file my_file.cif (mmCIF, N, CA, C and O atoms and all ligand atoms)
data_work
loop_
_atom_site.label_atom_id
_atom_site.label_comp_id
_atom_site.auth_asym_id
_atom_site.auth_seq_id
_atom_site.Cartn_x
_atom_site.Cartn_y
_atom_site.Cartn_z
N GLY A 1 -29.83 -2.90 3.00
CA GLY A 1 -29.80 -2.10 1.74
C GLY A 1 -29.02 -2.79 0.64
O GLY A 1 -29.52 -3.70 -0.02
N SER A 2 -27.78 -2.34 0.43
CA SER A 2 -26.93 -2.92 -0.60
C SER A 2 -25.45 -2.77 -0.23
O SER A 2 -24.99 -1.67 0.10
N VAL A 3 -24.72 -3.87 -0.29
CA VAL A 3 -23.30 -3.87 0.04
C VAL A 3 -22.44 -3.84 -1.22
O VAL A 3 -21.34 -4.37 -1.25
N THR A 4 -22.97 -3.20 -2.27
CA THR A 4 -22.25 -3.10 -3.53
C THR A 4 -21.55 -1.75 -3.66
O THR A 4 -22.20 -0.71 -3.67
N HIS A 5 -20.23 -1.78 -3.75
CA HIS A 5 -19.44 -0.56 -3.88
C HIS A 5 -19.46 -0.05 -5.32
O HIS A 5 -19.43 -0.85 -6.26
N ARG A 6 -19.52 1.26 -5.48
CA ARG A 6 -19.55 1.86 -6.81
C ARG A 6 -18.15 2.24 -7.27
O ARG A 6 -17.42 2.94 -6.57
N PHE A 7 -17.77 1.77 -8.45
CA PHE A 7 -16.48 2.03 -9.02
C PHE A 7 -16.51 3.25 -9.95
O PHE A 7 -17.56 3.60 -10.49
N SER A 8 -15.36 3.88 -10.13
CA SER A 8 -15.25 5.05 -10.99
C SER A 8 -14.13 4.86 -12.02
O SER A 8 -13.34 3.93 -11.90
N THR A 9 -14.08 5.73 -13.02
CA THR A 9 -13.06 5.62 -14.06
C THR A 9 -12.00 6.72 -13.91
O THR A 9 -12.32 7.87 -13.62
N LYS A 10 -10.75 6.34 -14.13
CA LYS A 10 -9.63 7.26 -14.04
C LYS A 10 -8.51 6.83 -14.98
O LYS A 10 -8.30 5.63 -15.20
N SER A 11 -7.81 7.80 -15.54
CA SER A 11 -6.71 7.52 -16.47
C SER A 11 -5.75 8.70 -16.54
O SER A 11 -5.79 9.48 -17.49
N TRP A 12 -4.89 8.82 -15.53
CA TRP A 12 -3.92 9.91 -15.48
C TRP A 12 -3.03 9.92 -16.73
O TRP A 12 -3.29 10.65 -17.68
N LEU A 13 -1.99 9.09 -16.71
CA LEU A 13 -1.07 9.00 -17.84
C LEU A 13 0.04 7.98 -17.56
O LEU A 13 0.26 7.06 -18.34
N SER A 14 0.72 8.16 -16.43
CA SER A 14 1.80 7.26 -16.04
C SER A 14 1.34 6.28 -14.97
O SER A 14 2.12 5.84 -14.14
N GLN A 15 0.05 5.95 -15.00
CA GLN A 15 -0.52 5.02 -14.03
C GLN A 15 -0.59 3.61 -14.60
O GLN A 15 -0.81 3.42 -15.80
N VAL A 16 -0.40 2.62 -13.74
CA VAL A 16 -0.44 1.22 -14.16
C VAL A 16 -1.42 0.41 -13.30
O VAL A 16 -1.51 0.62 -12.09
N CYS A 17 -2.14 -0.50 -13.94
CA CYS A 17 -3.11 -1.35 -13.25
C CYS A 17 -2.51 -1.94 -11.97
O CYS A 17 -1.35 -2.36 -11.95
N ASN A 18 -3.31 -1.97 -10.91
CA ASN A 18 -2.86 -2.51 -9.63
C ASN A 18 -3.19 -4.00 -9.51
O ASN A 18 -3.33 -4.52 -8.40
N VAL A 19 -3.32 -4.66 -10.64
CA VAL A 19 -3.64 -6.09 -10.67
C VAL A 19 -2.69 -6.84 -11.59
O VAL A 19 -1.85 -7.61 -11.14
N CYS A 20 -2.82 -6.61 -12.90
CA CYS A 20 -1.97 -7.26 -13.88
C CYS A 20 -0.73 -6.42 -14.18
O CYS A 20 0.26 -6.92 -14.70
N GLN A 21 -0.80 -5.12 -13.85
CA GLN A 21 0.31 -4.20 -14.08
C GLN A 21 0.93 -4.38 -15.46
O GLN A 21 1.76 -5.26 -15.68
N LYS A 22 0.51 -3.54 -16.40
CA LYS A 22 1.02 -3.60 -17.77
C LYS A 22 1.01 -2.22 -18.42
O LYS A 22 0.52 -1.25 -17.84
N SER A 23 1.57 -2.13 -19.62
CA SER A 23 1.63 -0.87 -20.35
C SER A 23 0.23 -0.37 -20.70
O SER A 23 -0.36 -0.80 -21.69
N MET A 24 -0.29 0.53 -19.88
CA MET A 24 -1.63 1.09 -20.10
C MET A 24 -1.99 2.06 -18.99
O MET A 24 -1.25 2.21 -18.02
N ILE A 25 -3.18 2.66 -19.09
CA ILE A 25 -3.67 3.52 -18.07
C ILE A 25 -5.14 3.27 -17.93
O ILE A 25 -5.99 3.87 -18.59
N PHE A 26 -5.38 2.40 -17.04
CA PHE A 26 -6.72 1.98 -16.66
C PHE A 26 -6.82 1.85 -15.15
O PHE A 26 -6.04 1.12 -14.53
N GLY A 27 -7.78 2.55 -14.56
CA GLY A 27 -7.94 2.47 -13.12
C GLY A 27 -9.38 2.61 -12.67
O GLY A 27 -10.16 3.32 -13.30
N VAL A 28 -9.72 1.95 -11.58
CA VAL A 28 -11.06 2.02 -11.03
C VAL A 28 -10.99 2.27 -9.53
O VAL A 28 -10.21 1.63 -8.83
N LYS A 29 -11.80 3.20 -9.04
CA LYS A 29 -11.78 3.52 -7.62
C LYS A 29 -12.99 2.93 -6.91
O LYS A 29 -14.13 3.25 -7.22
N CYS A 30 -12.72 2.08 -5.93
CA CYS A 30 -13.77 1.45 -5.15
C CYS A 30 -13.89 2.14 -3.80
O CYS A 30 -12.89 2.30 -3.09
N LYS A 31 -15.10 2.54 -3.44
CA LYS A 31 -15.33 3.18 -2.20
C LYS A 31 -15.47 2.14 -1.12
O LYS A 31 -15.25 0.95 -1.34
N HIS A 32 -15.84 2.60 0.04
CA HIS A 32 -16.03 1.74 1.21
C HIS A 32 -14.70 1.12 1.66
O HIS A 32 -14.49 0.89 2.85
N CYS A 33 -13.81 0.84 0.70
CA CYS A 33 -12.52 0.24 1.00
C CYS A 33 -11.37 1.10 0.46
O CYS A 33 -10.32 1.21 1.09
N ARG A 34 -11.59 1.70 -0.71
CA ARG A 34 -10.58 2.55 -1.34
C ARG A 34 -9.49 1.70 -2.00
O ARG A 34 -8.47 1.40 -1.38
N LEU A 35 -9.73 1.30 -3.25
CA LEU A 35 -8.77 0.47 -3.98
C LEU A 35 -8.66 0.93 -5.44
O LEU A 35 -9.50 1.69 -5.92
N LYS A 36 -7.64 0.45 -6.14
CA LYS A 36 -7.44 0.80 -7.54
C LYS A 36 -7.19 -0.45 -8.37
O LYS A 36 -6.39 -1.31 -8.00
N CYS A 37 -7.89 -0.55 -9.49
CA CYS A 37 -7.76 -1.71 -10.38
C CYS A 37 -8.13 -1.33 -11.81
O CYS A 37 -8.80 -0.33 -12.05
N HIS A 38 -7.71 -2.16 -12.77
CA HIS A 38 -8.00 -1.94 -14.18
C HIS A 38 -9.46 -1.56 -14.39
O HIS A 38 -10.26 -1.60 -13.46
N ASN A 39 -9.82 -1.22 -15.63
CA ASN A 39 -11.20 -0.87 -15.95
C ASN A 39 -12.16 -1.89 -15.35
O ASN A 39 -13.29 -1.58 -15.00
N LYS A 40 -11.66 -3.12 -15.22
CA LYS A 40 -12.44 -4.21 -14.64
C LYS A 40 -11.50 -5.23 -13.99
O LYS A 40 -11.40 -5.30 -12.76
N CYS A 41 -10.81 -6.00 -14.82
CA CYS A 41 -9.86 -7.01 -14.35
C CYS A 41 -10.39 -7.75 -13.12
O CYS A 41 -9.62 -8.18 -12.26
N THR A 42 -11.71 -7.90 -13.05
CA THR A 42 -12.34 -8.58 -11.93
C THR A 42 -11.84 -10.02 -11.81
O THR A 42 -11.75 -10.56 -10.71
N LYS A 43 -11.52 -10.62 -12.94
CA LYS A 43 -11.02 -11.99 -12.96
C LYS A 43 -9.68 -12.11 -12.24
O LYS A 43 -9.34 -13.17 -11.72
N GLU A 44 -8.94 -11.01 -12.20
CA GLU A 44 -7.64 -10.99 -11.54
C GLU A 44 -7.73 -10.36 -10.16
O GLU A 44 -7.35 -10.96 -9.16
N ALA A 45 -8.25 -9.13 -10.11
CA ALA A 45 -8.39 -8.42 -8.84
C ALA A 45 -9.25 -9.21 -7.86
O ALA A 45 -10.16 -9.93 -8.25
N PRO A 46 -8.95 -9.09 -6.55
CA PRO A 46 -9.70 -9.79 -5.50
C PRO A 46 -11.06 -9.16 -5.23
O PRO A 46 -11.52 -8.31 -5.99
N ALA A 47 -11.70 -9.59 -4.15
CA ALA A 47 -13.01 -9.06 -3.78
C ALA A 47 -12.87 -7.85 -2.86
O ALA A 47 -12.08 -7.87 -1.91
N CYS A 48 -13.64 -6.81 -3.14
CA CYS A 48 -13.60 -5.59 -2.34
C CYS A 48 -13.98 -5.88 -0.89
O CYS A 48 -15.15 -6.07 -0.57
N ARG A 49 -12.98 -5.92 -0.02
CA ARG A 49 -13.20 -6.19 1.40
C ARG A 49 -14.05 -5.10 2.03
O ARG A 49 -14.83 -4.45 1.30
ZN ZN A 101 -5.28 -5.36 -14.86
ZN ZN A 102 -14.87 -1.32 -2.07
#
call {"tool": "encode", "arguments": {"input": "my_file.cif", "output": "structure tokens", "more": "lines below"}}
Ligand SMILES: [Zn+2]
Ligand SMILES: [Zn+2]
result
Amino acid sequence: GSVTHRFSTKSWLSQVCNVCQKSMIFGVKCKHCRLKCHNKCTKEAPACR
């Protein structure tokens, strides 16, 4: 079928990117593995195991 995980958007308030970690509120939820990362930051964040 497809091994592509679907990401979602989230922005609480006091949350920080789990990749570059900076002043902002950007987060993405990856299923199959369950991870959090900037709106994208794919260049920094690793590959969804
Ligand atoms: Zn980031
Ligand atoms: Zn995943």
call {"tool": "residues_around", "arguments": {"input": "my_file.cif", "residues": "segment 5-20 of chain A", "least_positions_apart": "2", "cutoff": "8 Å", "atoms": "only C-alpha atoms", "output": "PyMOL selection string"}}
result
chain A and resi 3+22-32+36-39+41+44-45+48
call {"tool": "write_last_selection", "arguments": {"input": "my_file.cif", "atoms": "N, CA, C and O atoms", "output": "short mmCIF file (atom, residue, chain, number, x, y, z; two decimals), in the coordinates of the input"}}
result
data_model
loop_
_atom_site.label_atom_id
_atom_site.label_comp_id
_atom_site.auth_asym_id
_atom_site.auth_seq_id
_atom_site.Cartn_x
_atom_site.Cartn_y
_atom_site.Cartn_z
N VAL A 3 -24.72 -3.87 -0.29
CA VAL A 3 -23.30 -3.87 0.04
C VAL A 3 -22.44 -3.84 -1.22
O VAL A 3 -21.34 -4.37 -1.25
N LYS A 22 0.51 -3.54 -16.40
CA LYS A 22 1.02 -3.60 -17.77
C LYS A 22 1.01 -2.22 -18.42
O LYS A 22 0.52 -1.25 -17.84
N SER A 23 1.57 -2.13 -19.62
CA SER A 23 1.63 -0.87 -20.35
C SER A 23 0.23 -0.37 -20.70
O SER A 23 -0.36 -0.80 -21.69
N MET A 24 -0.29 0.53 -19.88
CA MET A 24 -1.63 1.09 -20.10
C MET A 24 -1.99 2.06 -18.99
O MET A 24 -1.25 2.21 -18.02
N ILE A 25 -3.18 2.66 -19.09
CA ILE A 25 -3.67 3.52 -18.07
C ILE A 25 -5.14 3.27 -17.93
O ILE A 25 -5.99 3.87 -18.59
N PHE A 26 -5.38 2.40 -17.04
CA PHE A 26 -6.72 1.98 -16.66
C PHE A 26 -6.82 1.85 -15.15
O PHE A 26 -6.04 1.12 -14.53
N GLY A 27 -7.78 2.55 -14.56
CA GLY A 27 -7.94 2.47 -13.12
C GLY A 27 -9.38 2.61 -12.67
O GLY A 27 -10.16 3.32 -13.30
N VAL A 28 -9.72 1.95 -11.58
CA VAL A 28 -11.06 2.02 -11.03
C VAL A 28 -10.99 2.27 -9.53
O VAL A 28 -10.21 1.63 -8.83
N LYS A 29 -11.80 3.20 -9.04
CA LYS A 29 -11.78 3.52 -7.62
C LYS A 29 -12.99 2.93 -6.91
O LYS A 29 -14.13 3.25 -7.22
N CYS A 30 -12.72 2.08 -5.93
CA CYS A 30 -13.77 1.45 -5.15
C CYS A 30 -13.89 2.14 -3.80
O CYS A 30 -12.89 2.30 -3.09
N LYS A 31 -15.10 2.54 -3.44
CA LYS A 31 -15.33 3.18 -2.20
C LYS A 31 -15.47 2.14 -1.12
O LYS A 31 -15.25 0.95 -1.34
N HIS A 32 -15.84 2.60 0.04
CA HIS A 32 -16.03 1.74 1.21
C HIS A 32 -14.70 1.12 1.66
O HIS A 32 -14.49 0.89 2.85
N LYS A 36 -7.64 0.45 -6.14
CA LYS A 36 -7.44 0.80 -7.54
C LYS A 36 -7.19 -0.45 -8.37
O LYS A 36 -6.39 -1.31 -8.00
N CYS A 37 -7.89 -0.55 -9.49
CA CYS A 37 -7.76 -1.71 -10.38
C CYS A 37 -8.13 -1.33 -11.81
O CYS A 37 -8.80 -0.33 -12.05
N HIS A 38 -7.71 -2.16 -12.77
CA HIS A 38 -8.00 -1.94 -14.18
C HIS A 38 -9.46 -1.56 -14.39
O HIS A 38 -10.26 -1.60 -13.46
N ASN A 39 -9.82 -1.22 -15.63
CA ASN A 39 -11.20 -0.87 -15.95
C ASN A 39 -12.16 -1.89 -15.35
O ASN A 39 -13.29 -1.58 -15.00
N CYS A 41 -10.81 -6.00 -14.82
CA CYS A 41 -9.86 -7.01 -14.35
C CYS A 41 -10.39 -7.75 -13.12
O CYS A 41 -9.62 -8.18 -12.26
N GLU A 44 -8.94 -11.01 -12.20
CA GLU A 44 -7.64 -10.99 -11.54
C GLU A 44 -7.73 -10.36 -10.16
O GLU A 44 -7.35 -10.96 -9.16
N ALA A 45 -8.25 -9.13 -10.11
CA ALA A 45 -8.39 -8.42 -8.84
C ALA A 45 -9.25 -9.21 -7.86
O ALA A 45 -10.16 -9.93 -8.25
N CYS A 48 -13.64 -6.81 -3.14
CA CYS A 48 -13.60 -5.59 -2.34
C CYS A 48 -13.98 -5.88 -0.89
O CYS A 48 -15.15 -6.07 -0.57
#
call {"tool": "closest_residue", "arguments": {"input": "my_file.cif", "among": "A:1, A:42, A:49, A:33", "to": "ligand ZN 101 (chain A)", "atoms": "only C-alpha atoms and all ligand atoms"}}
result
A:42
call {"tool": "select_by_dssp", "arguments": {"input": "my_file.cif", "residues": "chain A", "states": "strand (DSSP E)", "output": "short mmCIF file (atom, residue, chain, number, x, y, z; two decimals) with N, CA, C and O atoms, keeping the file's coordinate frame"}}
result
data_model
loop_
_atom_site.label_atom_id
_atom_site.label_comp_id
_atom_site.auth_asym_id
_atom_site.auth_seq_id
_atom_site.Cartn_x
_atom_site.Cartn_y
_atom_site.Cartn_z
N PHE A 7 -17.77 1.77 -8.45
CA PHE A 7 -16.48 2.03 -9.02
C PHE A 7 -16.51 3.25 -9.95
O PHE A 7 -17.56 3.60 -10.49
N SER A 8 -15.36 3.88 -10.13
CA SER A 8 -15.25 5.05 -10.99
C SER A 8 -14.13 4.86 -12.02
O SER A 8 -13.34 3.93 -11.90
N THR A 9 -14.08 5.73 -13.02
CA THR A 9 -13.06 5.62 -14.06
C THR A 9 -12.00 6.72 -13.91
O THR A 9 -12.32 7.87 -13.62
N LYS A 10 -10.75 6.34 -14.13
CA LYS A 10 -9.63 7.26 -14.04
C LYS A 10 -8.51 6.83 -14.98
O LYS A 10 -8.30 5.63 -15.20
N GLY A 27 -7.78 2.55 -14.56
CA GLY A 27 -7.94 2.47 -13.12
C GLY A 27 -9.38 2.61 -12.67
O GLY A 27 -10.16 3.32 -13.30
N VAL A 28 -9.72 1.95 -11.58
CA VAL A 28 -11.06 2.02 -11.03
C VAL A 28 -10.99 2.27 -9.53
O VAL A 28 -10.21 1.63 -8.83
N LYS A 29 -11.80 3.20 -9.04
CA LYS A 29 -11.78 3.52 -7.62
C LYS A 29 -12.99 2.93 -6.91
O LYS A 29 -14.13 3.25 -7.22
N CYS A 30 -12.72 2.08 -5.93
CA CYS A 30 -13.77 1.45 -5.15
C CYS A 30 -13.89 2.14 -3.80
O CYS A 30 -12.89 2.30 -3.09
N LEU A 35 -9.73 1.30 -3.25
CA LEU A 35 -8.77 0.47 -3.98
C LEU A 35 -8.66 0.93 -5.44
O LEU A 35 -9.50 1.69 -5.92
N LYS A 36 -7.64 0.45 -6.14
CA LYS A 36 -7.44 0.80 -7.54
C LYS A 36 -7.19 -0.45 -8.37
O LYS A 36 -6.39 -1.31 -8.00
N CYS A 37 -7.89 -0.55 -9.49
CA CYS A 37 -7.76 -1.71 -10.38
C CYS A 37 -8.13 -1.33 -11.81
O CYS A 37 -8.80 -0.33 -12.05
#
call {"tool": "atom_distance", "arguments": {"input": "my_file.cif", "atom1": "atom CA of residue 46 of chain A", "atom2": "atom O of residue 34 of chain A"}}
result
12.0 Å
call {"tool": "atom_distance", "arguments": {"input": "my_file.cif", "atom1": "atom O of residue 40 of chain A", "atom2": "atom N of residue 4 of chain A"}}
result
15.8 Å
call {"tool": "atom_distance", "arguments": {"input": "my_file.cif", "atom1": "atom N of residue 2 of chain A", "atom2": "atom ZN of ligand ZN 101 (chain A)"}}
result
27.4 Å
call {"tool": "axis_aligned_box", "arguments": {"input": "my_file.cif", "around": "segment 35-40 of chain A", "padding_each_side": "8 Å", "output": "JSON"}}
result
{"center_x": -9.8, "center_y": -1.8, "center_z": -9.6, "size_x": 22.9, "size_y": 23.0, "size_z": 28.7}
call {"tool": "decode", "arguments": {"input": "my_file.cif", "residues": "segment 15-47 of chain A", "atoms": "N, CA, C and O atoms", "output": "PDB file, in the first residue's frame"}}
result
ATOM      1  N   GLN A  15       4.564  25.806  23.438  1.00  0.00           N
ATOM      2  CA  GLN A  15       5.232  24.660  22.832  1.00  0.00           C
ATOM      3  C   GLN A  15       6.391  25.110  21.949  1.00  0.00           C
ATOM      4  O   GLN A  15       6.329  26.165  21.318  1.00  0.00           O
ATOM      5  N   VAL A  16       7.446  24.304  21.910  1.00  0.00           N
ATOM      6  CA  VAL A  16       8.619  24.620  21.105  1.00  0.00           C
ATOM      7  C   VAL A  16       8.985  23.457  20.186  1.00  0.00           C
ATOM      8  O   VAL A  16       8.889  22.292  20.573  1.00  0.00           O
ATOM      9  N   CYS A  17       9.405  23.785  18.968  1.00  0.00           N
ATOM     10  CA  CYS A  17       9.790  22.777  17.983  1.00  0.00           C
ATOM     11  C   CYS A  17      10.718  21.730  18.598  1.00  0.00           C
ATOM     12  O   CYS A  17      11.612  22.061  19.377  1.00  0.00           O
ATOM     13  N   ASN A  18      10.500  20.464  18.244  1.00  0.00           N
ATOM     14  CA  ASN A  18      11.320  19.371  18.764  1.00  0.00           C
ATOM     15  C   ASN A  18      12.497  19.075  17.838  1.00  0.00           C
ATOM     16  O   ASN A  18      13.019  17.960  17.819  1.00  0.00           O
ATOM     17  N   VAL A  19      12.907  20.077  17.073  1.00  0.00           N
ATOM     18  CA  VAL A  19      14.020  19.927  16.144  1.00  0.00           C
ATOM     19  C   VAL A  19      15.019  21.069  16.305  1.00  0.00           C
ATOM     20  O   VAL A  19      16.132  20.868  16.790  1.00  0.00           O
ATOM     21  N   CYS A  20      14.612  22.269  15.902  1.00  0.00           N
ATOM     22  CA  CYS A  20      15.470  23.445  16.008  1.00  0.00           C
ATOM     23  C   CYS A  20      15.253  24.165  17.338  1.00  0.00           C
ATOM     24  O   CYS A  20      16.097  24.948  17.773  1.00  0.00           O
ATOM     25  N   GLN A  21      14.113  23.895  17.979  1.00  0.00           N
ATOM     26  CA  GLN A  21      13.770  24.511  19.262  1.00  0.00           C
ATOM     27  C   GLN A  21      14.060  26.012  19.264  1.00  0.00           C
ATOM     28  O   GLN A  21      15.193  26.437  19.492  1.00  0.00           O
ATOM     29  N   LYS A  22      13.025  26.808  19.014  1.00  0.00           N
ATOM     30  CA  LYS A  22      13.165  28.261  18.991  1.00  0.00           C
ATOM     31  C   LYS A  22      11.870  28.940  19.428  1.00  0.00           C
ATOM     32  O   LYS A  22      10.852  28.280  19.639  1.00  0.00           O
ATOM     33  N   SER A  23      11.917  30.262  19.562  1.00  0.00           N
ATOM     34  CA  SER A  23      10.748  31.033  19.973  1.00  0.00           C
ATOM     35  C   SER A  23       9.641  30.944  18.928  1.00  0.00           C
ATOM     36  O   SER A  23       9.649  31.672  17.935  1.00  0.00           O
ATOM     37  N   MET A  24       8.689  30.045  19.158  1.00  0.00           N
ATOM     38  CA  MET A  24       7.571  29.853  18.238  1.00  0.00           C
ATOM     39  C   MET A  24       6.664  28.727  18.722  1.00  0.00           C
ATOM     40  O   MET A  24       6.970  28.056  19.707  1.00  0.00           O
ATOM     41  N   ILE A  25       5.590  28.475  17.982  1.00  0.00           N
ATOM     42  CA  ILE A  25       4.708  27.397  18.282  1.00  0.00           C
ATOM     43  C   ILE A  25       4.280  26.783  16.984  1.00  0.00           C
ATOM     44  O   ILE A  25       3.297  27.163  16.349  1.00  0.00           O
ATOM     45  N   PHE A  26       5.038  25.820  16.658  1.00  0.00           N
ATOM     46  CA  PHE A  26       4.850  25.014  15.463  1.00  0.00           C
ATOM     47  C   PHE A  26       5.077  23.543  15.780  1.00  0.00           C
ATOM     48  O   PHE A  26       6.137  23.170  16.284  1.00  0.00           O
ATOM     49  N   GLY A  27       4.092  22.706  15.488  1.00  0.00           N
ATOM     50  CA  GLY A  27       4.239  21.292  15.762  1.00  0.00           C
ATOM     51  C   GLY A  27       3.510  20.418  14.766  1.00  0.00           C
ATOM     52  O   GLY A  27       2.464  20.793  14.248  1.00  0.00           O
ATOM     53  N   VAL A  28       4.062  19.242  14.510  1.00  0.00           N
ATOM     54  CA  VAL A  28       3.454  18.296  13.589  1.00  0.00           C
ATOM     55  C   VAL A  28       3.423  16.913  14.222  1.00  0.00           C
ATOM     56  O   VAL A  28       4.412  16.467  14.800  1.00  0.00           O
ATOM     57  N   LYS A  29       2.286  16.238  14.134  1.00  0.00           N
ATOM     58  CA  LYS A  29       2.155  14.915  14.729  1.00  0.00           C
ATOM     59  C   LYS A  29       2.212  13.822  13.672  1.00  0.00           C
ATOM     60  O   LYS A  29       1.378  13.769  12.769  1.00  0.00           O
ATOM     61  N   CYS A  30       3.195  12.939  13.806  1.00  0.00           N
ATOM     62  CA  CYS A  30       3.360  11.831  12.879  1.00  0.00           C
ATOM     63  C   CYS A  30       2.836  10.552  13.514  1.00  0.00           C
ATOM     64  O   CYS A  30       3.218  10.209  14.634  1.00  0.00           O
ATOM     65  N   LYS A  31       1.973   9.841  12.801  1.00  0.00           N
ATOM     66  CA  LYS A  31       1.431   8.628  13.282  1.00  0.00           C
ATOM     67  C   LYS A  31       2.407   7.510  13.011  1.00  0.00           C
ATOM     68  O   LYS A  31       3.537   7.734  12.578  1.00  0.00           O
ATOM     69  N   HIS A  32       1.954   6.318  13.273  1.00  0.00           N
ATOM     70  CA  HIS A  32       2.758   5.112  13.081  1.00  0.00           C
ATOM     71  C   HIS A  32       3.957   5.078  14.037  1.00  0.00           C
ATOM     72  O   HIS A  32       4.383   4.006  14.470  1.00  0.00           O
ATOM     73  N   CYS A  33       4.501   6.252  14.356  1.00  0.00           N
ATOM     74  CA  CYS A  33       5.652   6.359  15.247  1.00  0.00           C
ATOM     75  C   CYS A  33       5.348   7.276  16.431  1.00  0.00           C
ATOM     76  O   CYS A  33       5.794   7.026  17.550  1.00  0.00           O
ATOM     77  N   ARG A  34       4.592   8.344  16.171  1.00  0.00           N
ATOM     78  CA  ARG A  34       4.231   9.313  17.207  1.00  0.00           C
ATOM     79  C   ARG A  34       5.406  10.236  17.518  1.00  0.00           C
ATOM     80  O   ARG A  34       6.195   9.969  18.424  1.00  0.00           O
ATOM     81  N   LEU A  35       5.518  11.322  16.756  1.00  0.00           N
ATOM     82  CA  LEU A  35       6.602  12.285  16.945  1.00  0.00           C
ATOM     83  C   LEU A  35       6.095  13.718  16.798  1.00  0.00           C
ATOM     84  O   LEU A  35       4.991  13.946  16.304  1.00  0.00           O
ATOM     85  N   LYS A  36       6.909  14.684  17.219  1.00  0.00           N
ATOM     86  CA  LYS A  36       6.537  16.089  17.117  1.00  0.00           C
ATOM     87  C   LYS A  36       7.670  16.896  16.493  1.00  0.00           C
ATOM     88  O   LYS A  36       8.831  16.754  16.875  1.00  0.00           O
ATOM     89  N   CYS A  37       7.325  17.729  15.520  1.00  0.00           N
ATOM     90  CA  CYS A  37       8.312  18.555  14.824  1.00  0.00           C
ATOM     91  C   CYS A  37       7.660  19.807  14.243  1.00  0.00           C
ATOM     92  O   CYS A  37       6.444  19.868  14.084  1.00  0.00           O
ATOM     93  N   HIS A  38       8.484  20.802  13.924  1.00  0.00           N
ATOM     94  CA  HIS A  38       8.007  22.061  13.347  1.00  0.00           C
ATOM     95  C   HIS A  38       6.986  21.809  12.241  1.00  0.00           C
ATOM     96  O   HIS A  38       6.760  20.668  11.844  1.00  0.00           O
ATOM     97  N   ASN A  39       6.394  22.883  11.720  1.00  0.00           N
ATOM     98  CA  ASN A  39       5.423  22.762  10.636  1.00  0.00           C
ATOM     99  C   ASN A  39       5.965  21.831   9.553  1.00  0.00           C
ATOM    100  O   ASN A  39       5.209  21.150   8.860  1.00  0.00           O
ATOM    101  N   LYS A  40       7.290  21.804   9.435  1.00  0.00           N
ATOM    102  CA  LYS A  40       7.967  20.956   8.468  1.00  0.00           C
ATOM    103  C   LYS A  40       9.358  20.591   8.980  1.00  0.00           C
ATOM    104  O   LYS A  40       9.596  19.461   9.408  1.00  0.00           O
ATOM    105  N   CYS A  41      10.268  21.564   8.942  1.00  0.00           N
ATOM    106  CA  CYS A  41      11.644  21.370   9.410  1.00  0.00           C
ATOM    107  C   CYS A  41      12.191  20.002   9.003  1.00  0.00           C
ATOM    108  O   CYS A  41      13.009  19.414   9.710  1.00  0.00           O
ATOM    109  N   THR A  42      11.730  19.503   7.862  1.00  0.00           N
ATOM    110  CA  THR A  42      12.169  18.206   7.361  1.00  0.00           C
ATOM    111  C   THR A  42      13.680  18.180   7.157  1.00  0.00           C
ATOM    112  O   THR A  42      14.320  17.140   7.319  1.00  0.00           O
ATOM    113  N   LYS A  43      14.243  19.328   6.798  1.00  0.00           N
ATOM    114  CA  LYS A  43      15.679  19.436   6.570  1.00  0.00           C
ATOM    115  C   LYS A  43      16.460  19.173   7.854  1.00  0.00           C
ATOM    116  O   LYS A  43      17.612  18.742   7.813  1.00  0.00           O
ATOM    117  N   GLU A  44      15.828  19.436   8.994  1.00  0.00           N
ATOM    118  CA  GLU A  44      16.469  19.229  10.287  1.00  0.00           C
ATOM    119  C   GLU A  44      16.011  17.920  10.924  1.00  0.00           C
ATOM    120  O   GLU A  44      16.830  17.069  11.272  1.00  0.00           O
ATOM    121  N   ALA A  45      14.700  17.766  11.075  1.00  0.00           N
ATOM    122  CA  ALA A  45      14.136  16.560  11.673  1.00  0.00           C
ATOM    123  C   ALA A  45      14.555  15.313  10.899  1.00  0.00           C
ATOM    124  O   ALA A  45      14.734  15.358   9.682  1.00  0.00           O
ATOM    125  N   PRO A  46      14.719  14.176  11.600  1.00  0.00           N
ATOM    126  CA  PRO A  46      15.120  12.915  10.972  1.00  0.00           C
ATOM    127  C   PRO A  46      13.974  12.254  10.214  1.00  0.00           C
ATOM    128  O   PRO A  46      12.929  12.866   9.992  1.00  0.00           O
ATOM    129  N   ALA A  47      14.176  11.001   9.820  1.00  0.00           N
ATOM    130  CA  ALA A  47      13.160  10.256   9.088  1.00  0.00           C
ATOM    131  C   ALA A  47      12.250   9.490  10.040  1.00  0.00           C
ATOM    132  O   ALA A  47      12.719   8.846  10.979  1.00  0.00           O
TER     133      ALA A  47
END
